[PDB]
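Enquirer: These protein sequence lines are chains A and P, in that order.
Just so you know, we're using the deposited numbering here: the first sequence kicks off at 1 and counts up by one.
According to the deposited numbering, the residues represented by the second sequence are 1 to 105, 108 to 144, 151 to 230, in order.
A single structure is presented below for examination.
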Amino acid sequence: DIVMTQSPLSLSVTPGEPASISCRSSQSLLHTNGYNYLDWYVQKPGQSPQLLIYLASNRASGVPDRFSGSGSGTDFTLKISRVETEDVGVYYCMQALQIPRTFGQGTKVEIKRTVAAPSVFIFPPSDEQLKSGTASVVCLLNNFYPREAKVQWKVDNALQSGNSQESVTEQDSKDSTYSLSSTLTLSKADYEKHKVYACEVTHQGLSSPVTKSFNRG
Amino acid sequence: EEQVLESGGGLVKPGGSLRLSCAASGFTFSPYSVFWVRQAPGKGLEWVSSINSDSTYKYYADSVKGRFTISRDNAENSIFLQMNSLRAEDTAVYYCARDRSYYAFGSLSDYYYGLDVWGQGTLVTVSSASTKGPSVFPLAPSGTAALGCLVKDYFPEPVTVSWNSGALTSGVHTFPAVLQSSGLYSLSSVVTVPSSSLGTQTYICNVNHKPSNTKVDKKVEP
């Protein structure tokens, strides 16, 4: 079959700056009719995948003119001349020379913006949840950049390990920020034994870590 | 030609069967080859199957050969993918896509355009685990206040969360579901609102889990 490889696998670009993604095939995509059978697609958070470029260098109708493609044989490039905030997504090349159709790994495009510290909130478990026998404590980091953050849980000043999970949103298409949840899970029995619950957040945008805390349990 | 919609996806046990459908809106499928492409959990795109305009050329990825069968019906303006002997690793979002090219009478077009109309996708989950509807808990607000709903212990994906019947969208973040140790999913949906509104505005999260036919509303109050 034909194997497709993209480089890089991740890009971070300031709005207004150009971005380039390379695609390499394991054999030539140049057909004897003179055309190169390489497409580019984009998949954005919660949307139908979109055709950007076909036959290596042709922009599909409806696609902004900031997009162009080039290359021949086994080496191809998608270029975005001036990135916009809505360009966040994953970009794939696909060869259309042979069956099976094959895709590159995907290249994630992130929009670079100025550093933004998270707003932090902590939520004790509801009285309602405690009836289930489990207690979830939720720490929310809202609207921050960059994505990297450390969240540390302490229970009566004892550091927690192995009992929390994180989830992060896709980058916002307008403000280029992320939000993150950290959820600490313990038995109602263990929750009710301790008094102070705290999440400490460490982030590029915070000169010193921020702690949010509550008393109960 | 403007849209397609995939349906038929859901939870099935390994060894089981499902039939997916892809229906065209705003154009007719008849002139075109149609492709199925899937995306396994947090991974990239992989081609599954294709069928040409008159059904003489049906192609399948090696991984599904002999297990999947593609077909089409003009009267219904639809393409179908019958999936038999399902495997755990068939778990994926399945997309249908119209190729606008002319294919002569098979894999290579001299009049190529490409896959220009794709659907939103339908999730197929292949697992021995049982369906379970979520429990929904409020995240009560303690300037700007944050509040939310914890949507806990459900299977399979997906759930949908809205706020105030869709009236509240600004400031909403619904987190990607995370698989817990138990093999059940959990997520939170949060929104920020004015602290001064808490006494006079109602906040209700609307949670829908189609796979278990559960629909829950939860009032979030201080």
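From the three backbone atoms N, C-alpha and C, an ideal C-beta is built for every residue, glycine too.
Expressed to the nearest angstrom, what Euclidean distance is found between the alpha-carbon atoms of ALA135 (chain A) and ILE212 (chain P)?
Expert: Using only the alpha carbons, I get a separation of about 22 Å.
Enquirer: Compare the C-beta of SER68 (chain A) with all C-beta atoms of chain P and state if any pair is closer than 7 Å.
Expert: By this cut-off, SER68 (chain A) is not an interface position.
Enquirer: Under a three-way DSSP split, which group does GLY89 (chain A) fall into?
Expert: Here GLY89 (chain A) sits in strand by DSSP.
Enquirer: So, is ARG98 (chain P) buried or exposed, given that buried needs 16 or more other C-beta atoms within 10 angstroms?
Expert: Buried, since its Cβ has 16 or more Cβ neighbours within 10 Å.
Enquirer: Suppose the cutoff is 6 Å on Cβ atoms and the five residues either side in sequence are ignored; what does the same chain contact list for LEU55 (chain A) look like?
Expert: Hits under 6 Å: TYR35.
Enquirer: Where does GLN171 (chain A) land, buried or exposed, given buried means 16+ other C-beta within 10 angstroms?
Expert: It counts as buried.
Enquirer: For a quick check, are the C-beta atoms of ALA185 (chain P) and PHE163 (chain P) less than 7 Å apart?
Expert: No.
Enquirer: Which residues mark the beginning and the end of the beta strand (DSSP E) in which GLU192 (chain A) is found?
Expert: No beta strand (DSSP E) holds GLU192 (chain A); the alpha helix (DSSP H) holding it covers 188-193.
Enquirer: Could you check whether the Cβ of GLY179 (chain P) sits closer than 6 Å to any heavy atom belonging to the ligand FMN?
Expert: Because no ligand of any kind appears in the structure shown, any question about the ligand FMN cannot be addressed here.
Enquirer: Taking all protein chains shown into account, decide if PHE139 (chain P) is buried (16 or more other Cβ within 10 angstroms of its Cβ) or exposed.
Expert: Buried.
Enquirer: If we count Cβ pairs, one from each stretch, closer than 8 Å, do we get three or more for the region 33-53 of chain A versus the region 109-120 of chain P?
Expert: Yes, they touch.
Enquirer: Check distances from the C-beta atoms of the region 109-135 of chain P to those of chain A and list, in chain order, the residues that come in under 7 Å.
Expert: Within the region 109-135 of chain P, the qualifying residues are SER109, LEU110, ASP112, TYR114, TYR115, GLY116, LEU117, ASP118, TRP120, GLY121, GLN122.
Enquirer: Report buried or exposed for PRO8 (chain A), applying the criterion of at least 16 other Cβ atoms within 10 angstroms of its Cβ.
Expert: Under this definition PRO8 (chain A) is an exposed residue.
Enquirer: Between which two residues does the alpha helix (DSSP H) containing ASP127 (chain A) stretch?
Expert: Start and end: 127-130.
Enquirer: In the region 45-75 of chain P, which residue ranges form an unbroken beta strand (DSSP E) of at least 3 residues, counting only runs that do not cross its ends?
Expert: DSSP runs (the beta strand (DSSP E)) wholly in the region 45-75 of chain P: 45-51, 58-60, 68-73.
Enquirer: Between which two residues does the beta strand (DSSP E) holding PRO202 (chain P) run?
Expert: Run containing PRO202 (chain P): 193-202, per the beta strand (DSSP E) assignment.
Enquirer: Give the DSSP-derived three-state secondary structure of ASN143 (chain A) in the structure shown.
Expert: Reduced to three states, the DSSP call for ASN143 (chain A) is strand.
Enquirer: Using the Cβ count rule (16 or more neighbours within 10 Å means buried), how would you classify residue 221 (chain A)?
Expert: This structure does not reach residue 221 (chain A), given that chain A is present from 1 up to 217, and the question cannot be answered.
Enquirer: So, are the CB atoms of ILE79 (chain P) and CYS22 (chain P) less than 7 Å apart?
Expert: Yes.
Enquirer: Got a sec? Which residues, its chain only, sit under 6 Å from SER204 (chain P) by beta carbon, not counting five neighbours each side?
Expert: None.
Enquirer: If we cut at 7 Å on Cβ distances, does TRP47 (chain P) have a partner in chain A?
Expert: Taking Cβ atoms only, chain A reaches closer than 7 Å to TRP47 (chain P), which makes this a yes.
Enquirer: The beta strand (DSSP E) that contains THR77 (chain A), what's its start and end?
Expert: Note, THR77 (chain A): beta strand (DSSP E), 75-80.
Enquirer: Whose C-beta lies closer than 7 Å to the C-beta of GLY123 (chain P) among residues of the same chain, with five residues either side of it excluded?
Expert: Counting only Cβ-Cβ distances below 7 Å, and skipping sequence neighbours, we find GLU6, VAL93, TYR94, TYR95.
Enquirer: For the beta strand (DSSP E) containing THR127 (chain P), name the first residue and the last one.
Expert: Looking at the DSSP string, the run of the beta strand (DSSP E) that includes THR127 (chain P) is 124-128.
Enquirer: Taking the continuous beta strand (DSSP E) assigned at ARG38 (chain P), which residues delimit it?
Expert: It spans 34-39 - the beta strand (DSSP E) in which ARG38 (chain P) sits, taken as one unbroken run.
Enquirer: For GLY133 (chain A), which residues of its own chain have a beta-carbon under 6 Å away from its beta-carbon, when the five flanking residues on both sides are left out?
Expert: Only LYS188 meet the Cβ criterion.
Enquirer: From the DSSP output, which residues share a beta bridge with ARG24 (chain A)?
Expert: DSSP lists A:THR5, A:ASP75 as partners of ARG24 (chain A).
Enquirer: Is there a Cβ of chain P sitting closer than 7 Å to that of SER179 (chain A), yes or no?
Expert: Closer than 7 Å: yes.
Enquirer: Comparing the C-beta of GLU192 (chain A) with each C-beta of chain P, is any distance below 7 Å?
Expert: It does not; no Cβ of chain P falls within 7 Å.
Enquirer: Given this structure, state the Cα-to-Cα distance separating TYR178 (chain A) from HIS217 (chain P), to the nearest angstrom.
Expert: Near 26 Å, if we compare the C-alpha coordinates of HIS217 (chain P) and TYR178 (chain A).
Enquirer: Whose C-alpha, out of P:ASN172, P:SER50, P:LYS13, P:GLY108, is nearest the C-alpha of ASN84 (chain P)?
Expert: Per the Cα distances, P:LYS13.
Enquirer: Check each candidate in A:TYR92, A:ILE99, A:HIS194 and name the one with the smallest Cα separation from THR5 (chain A).
Expert: Nearest option by C-alpha distance: A:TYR92.
Enquirer: Is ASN163 (chain A) near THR185 (chain A), with beta carbons less than 7 Å apart?
Expert: For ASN163 (chain A) and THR185 (chain A), yes; Cβs fall inside 7 Å.
Enquirer: May I ask you to report which of helix, strand or coil DSSP gives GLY174 (chain P)?
Expert: Three-state DSSP puts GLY174 (chain P) in a helix.
Enquirer: Taking the alpha-carbon positions, what's the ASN172 (chain P) to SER28 (chain A) distance?
Expert: Those two C-alpha atoms are separated by around 54 Å.
Enquirer: Quick one: using the 10 Å Cβ neighbour count with 16 as the cut-off for buried, is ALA154 (chain P) buried or exposed?
Expert: So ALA154 (chain P) ends up on the buried side.
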